[PDB]
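Data block for protein.txt (compact mmCIF, C-alpha atoms and all ligand atoms):
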```
# COMPACT_ATOMS: atom_id res chain seq x y z
CA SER A 1 -20.97 -58.79 -93.83
CA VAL A 2 -18.01 -57.95 -91.62
CA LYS A 3 -18.48 -54.34 -92.76
CA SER A 4 -22.08 -54.21 -91.50
CA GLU A 5 -20.90 -55.85 -88.30
CA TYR A 6 -18.34 -53.03 -88.01
CA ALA A 7 -21.12 -50.43 -88.45
CA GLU A 8 -23.02 -51.99 -85.55
CA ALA A 9 -19.86 -51.96 -83.45
CA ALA A 10 -19.28 -48.32 -84.37
CA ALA A 11 -22.83 -47.40 -83.31
CA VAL A 12 -22.32 -49.08 -79.95
CA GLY A 13 -19.07 -47.18 -79.53
CA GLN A 14 -20.85 -43.89 -80.22
CA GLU A 15 -23.58 -44.73 -77.72
CA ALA A 16 -20.99 -45.14 -74.96
CA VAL A 17 -19.50 -41.81 -76.04
CA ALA A 18 -22.93 -40.18 -75.78
CA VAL A 19 -23.46 -41.77 -72.38
CA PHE A 20 -19.88 -40.96 -71.28
CA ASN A 21 -20.40 -37.26 -72.01
CA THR A 22 -23.69 -37.31 -70.08
CA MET A 23 -21.97 -39.00 -67.12
CA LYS A 24 -19.32 -36.27 -67.16
CA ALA A 25 -22.03 -33.61 -66.80
CA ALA A 26 -23.60 -35.48 -63.89
CA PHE A 27 -20.21 -35.86 -62.17
CA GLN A 28 -19.48 -32.15 -62.50
CA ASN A 29 -22.94 -31.41 -61.05
CA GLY A 30 -22.35 -33.79 -58.14
CA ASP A 31 -25.27 -36.10 -59.03
CA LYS A 32 -23.59 -39.26 -57.76
CA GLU A 33 -26.69 -41.45 -58.08
CA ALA A 34 -26.83 -40.65 -61.80
CA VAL A 35 -23.09 -41.23 -62.19
CA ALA A 36 -23.43 -44.71 -60.65
CA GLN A 37 -26.13 -45.71 -63.15
CA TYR A 38 -24.22 -44.26 -66.11
CA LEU A 39 -21.07 -46.16 -65.08
CA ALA A 40 -23.06 -49.42 -65.04
CA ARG A 41 -24.48 -48.58 -68.49
CA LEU A 42 -20.97 -47.84 -69.82
CA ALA A 43 -19.74 -51.17 -68.47
CA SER A 44 -22.39 -52.98 -70.51
CA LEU A 45 -21.70 -50.93 -73.65
CA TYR A 46 -17.93 -51.50 -73.54
CA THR A 47 -18.23 -55.21 -72.77
CA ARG A 48 -20.56 -55.50 -75.80
CA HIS A 49 -18.31 -53.35 -78.01
CA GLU A 50 -15.29 -55.48 -77.06
CA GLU A 51 -17.04 -58.75 -77.93
CA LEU A 52 -18.10 -57.35 -81.32
CA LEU A 53 -14.58 -56.08 -82.06
CA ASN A 54 -13.23 -59.55 -81.31
CA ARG A 55 -15.70 -61.14 -83.75
CA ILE A 56 -14.68 -58.65 -86.46
CA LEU A 57 -10.97 -59.35 -85.85
CA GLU A 58 -11.48 -63.12 -85.88
CA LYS A 59 -13.45 -62.87 -89.14
CA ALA A 60 -10.83 -60.68 -90.79
CA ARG A 61 -8.26 -63.34 -89.78
CA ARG A 62 -10.34 -66.18 -91.26
CA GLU A 63 -10.77 -64.12 -94.47
CA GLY A 64 -6.99 -63.54 -94.69
CA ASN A 65 -7.48 -59.75 -94.78
CA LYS A 66 -3.96 -58.93 -93.58
CA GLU A 67 -4.40 -55.14 -93.57
CA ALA A 68 -7.66 -55.31 -91.64
CA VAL A 69 -6.07 -57.73 -89.15
CA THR A 70 -3.13 -55.34 -88.56
CA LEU A 71 -5.39 -52.35 -87.97
CA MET A 72 -7.78 -54.32 -85.76
CA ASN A 73 -4.88 -55.64 -83.63
CA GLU A 74 -3.74 -52.04 -83.10
CA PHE A 75 -7.27 -50.82 -82.42
CA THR A 76 -8.09 -53.60 -79.93
CA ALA A 77 -4.82 -52.86 -78.09
CA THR A 78 -5.83 -49.22 -77.73
CA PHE A 79 -9.31 -50.37 -76.65
CA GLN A 80 -7.76 -52.32 -73.76
CA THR A 81 -5.97 -49.12 -72.62
CA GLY A 82 -9.25 -47.26 -72.48
CA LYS A 83 -10.90 -50.17 -70.67
CA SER A 84 -8.14 -50.20 -68.03
CA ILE A 85 -8.54 -46.47 -67.50
CA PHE A 86 -12.31 -46.90 -67.34
CA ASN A 87 -11.99 -49.59 -64.70
CA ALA A 88 -9.70 -47.30 -62.68
CA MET A 89 -12.32 -44.54 -62.95
CA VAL A 90 -14.97 -46.88 -61.58
CA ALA A 91 -12.68 -47.71 -58.65
CA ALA A 92 -12.10 -44.01 -57.99
CA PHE A 93 -15.85 -43.47 -57.87
CA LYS A 94 -16.33 -46.34 -55.42
CA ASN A 95 -13.51 -44.91 -53.27
CA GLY A 96 -14.85 -41.34 -53.31
CA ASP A 97 -11.65 -40.05 -54.95
CA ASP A 98 -12.87 -37.20 -57.14
CA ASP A 99 -9.34 -36.02 -57.90
CA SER A 100 -8.53 -39.38 -59.50
CA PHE A 101 -11.95 -39.60 -61.19
CA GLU A 102 -11.37 -36.25 -62.93
CA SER A 103 -7.87 -37.36 -63.97
CA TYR A 104 -9.05 -40.68 -65.41
CA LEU A 105 -11.99 -38.98 -67.10
CA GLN A 106 -9.63 -36.67 -69.02
CA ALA A 107 -7.31 -39.58 -69.86
CA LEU A 108 -10.15 -41.67 -71.29
CA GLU A 109 -11.24 -38.73 -73.47
CA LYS A 110 -7.71 -38.37 -74.88
CA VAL A 111 -7.22 -42.12 -75.41
CA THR A 112 -10.61 -42.25 -77.16
CA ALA A 113 -9.85 -39.20 -79.29
CA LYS A 114 -6.47 -40.56 -80.42
CA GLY A 115 -8.00 -43.85 -81.57
CA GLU A 116 -10.43 -42.26 -84.01
CA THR A 117 -8.36 -41.92 -87.18
CA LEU A 118 -7.62 -45.64 -86.86
CA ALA A 119 -11.32 -46.36 -86.31
CA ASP A 120 -12.08 -44.71 -89.65
CA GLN A 121 -9.21 -46.59 -91.33
CA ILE A 122 -10.70 -49.92 -90.27
CA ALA A 123 -14.09 -49.14 -91.80
CA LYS A 124 -12.40 -48.67 -95.17
CA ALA A 125 -10.18 -51.75 -94.88
CA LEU A 126 -12.76 -54.45 -94.07
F1 LIG A 201 -16.09 -44.47 -72.21
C1 LIG A 201 -15.94 -44.29 -73.52
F2 LIG A 201 -17.11 -44.53 -74.10
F3 LIG A 201 -15.03 -45.14 -73.99
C2 LIG A 201 -15.56 -42.87 -73.90
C3 LIG A 201 -14.87 -41.99 -73.04
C4 LIG A 201 -14.57 -40.69 -73.50
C5 LIG A 201 -14.98 -40.33 -74.80
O1 LIG A 201 -14.68 -39.06 -75.23
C6 LIG A 201 -15.28 -38.52 -76.41
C7 LIG A 201 -15.66 -37.06 -76.12
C8 LIG A 201 -14.45 -36.12 -76.28
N1 LIG A 201 -13.18 -36.86 -76.15
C9 LIG A 201 -12.97 -37.84 -77.24
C10 LIG A 201 -14.26 -38.62 -77.56
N2 LIG A 201 -15.64 -41.17 -75.63
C11 LIG A 201 -15.92 -42.41 -75.19
```
Would you mind writing the file's structure down as structure tokens?
Ligand SMILES: FC(F)(F)c1ccc(OC2CCNCC2)nc1
Amino acid sequence: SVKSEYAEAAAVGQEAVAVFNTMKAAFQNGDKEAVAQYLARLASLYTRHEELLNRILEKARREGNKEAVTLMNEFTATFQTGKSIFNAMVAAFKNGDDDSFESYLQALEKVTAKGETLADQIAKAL
């Protein structure tokens, strides 16, 4: 069901969180080789998450579930903000700009934190 597909998507999201918090430790420790690998892993987790979220939204639309569609439109919009910040973080790492990397890191944590009450609302609406 769309609800079990949302539980898979949620698990993928939490994996990226787990990996994101590990990457943050490695960055603070200056282990740049680890950071590079974690950033590649996060790219693959987000790209997967985003595809799943689109399939949930499209299914909610086909089912006529107007409340779930509303919430998923808002949630996917916030997802694209996090993805843009993530991409900027990756660029800062390539460029050797630790000041920007720290800044983006904190921004992505706040964007992710804000979007959590909505994430729980979607689970209940599907
Ligand atoms: F890269 C993401 F996976 F999106 C990512 C980035 C940050 C993040 O932060 C967690 C950890 C504390 N801030 C809010 C939730 N959770 C996920």
Which one of A:11, A:18, A:72, A:57 sits closest to ligand LIG 201 (chain A) if you count all atoms listed in the file?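 The answer is A:18, which sits nearest to ligand LIG 201 (chain A).
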With all atoms listed in the file as the atoms that count, which of A:21, A:87, A:121, A:1 lies nearest to residue 60 (chain A)?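 Smallest separation from residue 60 (chain A) among the options: A:1.
From CA of residue 13 (chain A) back to CA of residue 79 (chain A), the distance works out to 10.7 Å.
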Choose the residue, out of A:106, A:70, A:14, A:22, that has the smallest atom-to-atom separation from residue 122 (chain A); count all atoms listed in the file.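 Counting all atoms listed in the file, the residue closest to residue 122 (chain A) is A:70.
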Give me, as a ChimeraX atom specification, the set of residues whose atoms come within 9 Å of any atom of ligand LIG 201 (chain A), counting only C-alpha atoms and all ligand atoms. /A:13-21,39,42-43,45-46,79,82-83,86,105-116
At what distance in Å, to one decimal, does CA of residue 81 (chain A) lie from CA of residue 99 (chain A)? 20.0 Å
Excluding residue 3 (chain A) and any residue of its chain fewer than 5 positions from it, enumerate the residues within 12 Å of it, using all atoms listed in the file, and give them as a PyMOL selection string. chain A and resi 8-10+52-53+55-57+59-60+68+120+122-126
Please determine, counting all atoms listed in the file, which residue among A:44, A:7, A:2, A:78 has the shortest atom-to-atom distance to residue 61 (chain A).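 Result for the nearest residue to residue 61 (chain A): A:2.
CA of residue 54 (chain A) is positioned 11.8 Å from CA of residue 80 (chain A).
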